[PDB]
Every structure is written in C-alpha cells, then in structure tokens.
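Take a look at this one chain, the form deposited without this ligand, written out in structure tokens.
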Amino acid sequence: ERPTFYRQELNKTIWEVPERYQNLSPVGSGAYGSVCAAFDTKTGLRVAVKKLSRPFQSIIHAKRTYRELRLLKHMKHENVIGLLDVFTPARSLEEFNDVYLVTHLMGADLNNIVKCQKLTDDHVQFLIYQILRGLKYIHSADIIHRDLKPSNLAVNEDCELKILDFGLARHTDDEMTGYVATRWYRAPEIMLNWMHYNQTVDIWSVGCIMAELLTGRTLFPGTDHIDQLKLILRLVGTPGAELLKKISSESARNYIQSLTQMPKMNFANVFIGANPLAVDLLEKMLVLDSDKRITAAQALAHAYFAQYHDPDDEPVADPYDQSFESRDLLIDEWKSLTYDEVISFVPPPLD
C-alpha cells in the first residue's frame, strides 16, 4: 500500500518521492521550500511538487506547515490550486520530518502572459472573471489570500486560471522594500499597517492586476512604500475624515494627514480607450476605504462579465474550521496534527 520512494539530489537538496513521479527538474526555491516540475505517470499530468524546507523547525514553521496542508486539502474549485497528492517518505510519526505537496503544472503565470502577449478586452474579461470566481470561493471560507499578484496566478494555454500561493518567501521588510513587485499589488492598509484588514485587500489586488492587463503596465510601481502610497493617492484621492477615523495606527494617521489633499482622478482619462464597464469596475475595486470596496460576489454580477457570469456555476466553499489559528500548541503537536492530515488525504478523481 505504501509506494516505493527513490532519492535524488537537485540543487543541493534531497528529494525523496514516490516512483510515480518522474523527470524531476528544479523550478524555484526560497526560505520555506523548493519546487520541481515532474511527470506523474499515474494520472498522466505534468505536476509541480513543493518540498517544504524543515517544516517543523519552529512553532511558527510547524503551524504554517499545518495551515498550508489544511488550506490545500480544503480547496476544491476550478479557479484555485487543488492538491493532487501530499506525501512524506516517513513510515511513522517518529521519523516524520518532510512534507511534499503536489499540484498541476499549468504552464505559465500571469506575468508571462502580460509580458509576452497582447490581451483583448475579452481576455481581460475572462481572466478577471476567473480570479473573482475563485476569490468568491476563497472568501466564502473566510480565507484571505493577502498576496494576490501575477506570479501567484497560474494560466494554461486556453487562458484558464488558478489562484495559488507559492509561499516560498518570508515577506520580510527587506523583501517588501524598494522598486519591487512583492509590494505593488498590496492594499494600502496592509502595506502601511493602518488597521485590521478585510478580505477586500484581495479586491484591491484584483484592481491592480486588471489595470495591468488593460494597459500592459503596473498600476502602482512605487519605488518604495511612501512613493507607492503617493501614486495610489494621486489616482484615488486623499482620504476623508471618515476613513482617517478608521486608521487605528495613530502614527500612520498622522503621516497621511501631512499630505496635501488631492481629489480622485478621472479613470476614463487614466485608462484611455478601455471598455467603460472595465473602467466602472476598476473605480469600484480601487476604493481607499476597504469597507466600501466591491466584494468578489458583487463584482461577478457586474455588467463587465455579462458574457461569462453564471450564478449557478459560481460555487462557495464547504465550511472551513480555522479554530486552529487561535490555538497555541507545541511543535510535536502541530507535527502530529499535520501527520494525521497527510495520512487521511484522499486524492481527487481523474475525469
């Protein structure tokens, strides 16, 4: 019942995987793990396999490993990453130190797509429809992505899209500093730590992404946090008293009040020649007050997606128990929890 495993060294890390996975080649790495492409001989799919790096080295890491496996097991949606397989070479809990996560290899990310091919309005409609369809599902489980950006959106050759989170980097202060894509899609309340954030932080990200699909250019390519804020406030206007009250960070509030007040721009004069319905949706997504942003479910009913919208085929998630998030456990308790989840994994059917 347990498959046979074989070992190999790729870019100075050991991969020990079931025999079903062949032709492993490295695709990326970071602080939390490494990814390889492979051929799954069982299903006949090209796959991507993330090996987590020392998943139980700290409490923070062990809880993260549990969190990821729990999230990935729950996800059952066409526009979101699905777990094809999870495995470990360990034969018991006592020797359980390694976690490997398998999903479909899609072919490209959305950075590839915006860089290398011109998109018509129909392409923008279809790609953004799918992001929002997946986001509806994600948000219905009270899950916030928080790092929606083109490199976390995988796209096949028929422009079918999946939301994922490679999750290889730490998102430290340094990784978020300077002229960097890691910060250009973040809602300003997350970027500047204004307040406790909502799931519409992800709608801001969709707005930034949609703008970029329409123009071919980054919406807010700030050279740093403050420059990026300035670019944002030039477009959407400076906040009024109502939003200022909601900024619970007194330090952040003090700084924004130092800026000269600016009105919202005419978005038809920014997104020159775009579908007026695209421009209308953008204005509803790129609202500074996150209480007043359009939701994913609201946005799916917008006239821009009239050719794709089907309210009978935009499903929500099964209930997701996140009570673990408020729980303090030891490493070995997170480990055993994670081990139970690996052991109980049942793969999806191959249609």
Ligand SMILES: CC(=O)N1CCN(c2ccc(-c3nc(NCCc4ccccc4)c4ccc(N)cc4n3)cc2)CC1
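Residue positions are given as counts along the sequence shown, with the first one as 1. Rigid core: the largest C-alpha set superposing within 1.5 Å between the two forms.
One more form of this protein exists, namely the form deposited with this ligand bound; it is left out here, but the text below deals with it.
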| item | value |
| --- | --- |
| Shown-form site status with respect to this ligand as positioned in the bound PDB entry after superposition (2.4 Å backbone/C-beta criterion, 3+ atoms) | blocked |
| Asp121, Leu213 and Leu277 each touching this ligand in the bound PDB entry (heavy atom, 4.5 Å) | no |
| Interface stretch in the bound PDB entry with this ligand - options 190 to 198, 124 to 132, 214 to 222, 262 to 270, non-hydrogen atom within 4.5 Å | 190 to 198 |
| Heavy atom within 4.5 Å of this ligand in the bound PDB entry - the one residue of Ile294, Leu288, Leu282, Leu300 that qualifies | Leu288 |
| Non-hydrogen atom contact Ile256 with this ligand in the bound PDB entry at 4.5 angstroms | yes |
| This ligand contact at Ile247 in the bound PDB entry, heavy atom, 4.5 Å | yes |
| Contact flag, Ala252 vs this ligand in the bound PDB entry, heavy atom cut 4.5 Å | yes |
| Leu243: touches this ligand in the bound PDB entry, heavy atom cutoff 4.5 angstroms | yes |
| Residues within 4.5 Å of this ligand in the bound PDB entry, restricted to 212 to 243 and counted by heavy atom | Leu229, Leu233, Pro239, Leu243 |
| Position with Cα shift of 2 Å or more, rigid core superposed between the shown form and the other one, options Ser140, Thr218, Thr88, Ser249 | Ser249 |
| Rigid-core frame, C-alpha of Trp194, shift of 2 angstroms or more between the shown form and the other one | yes |
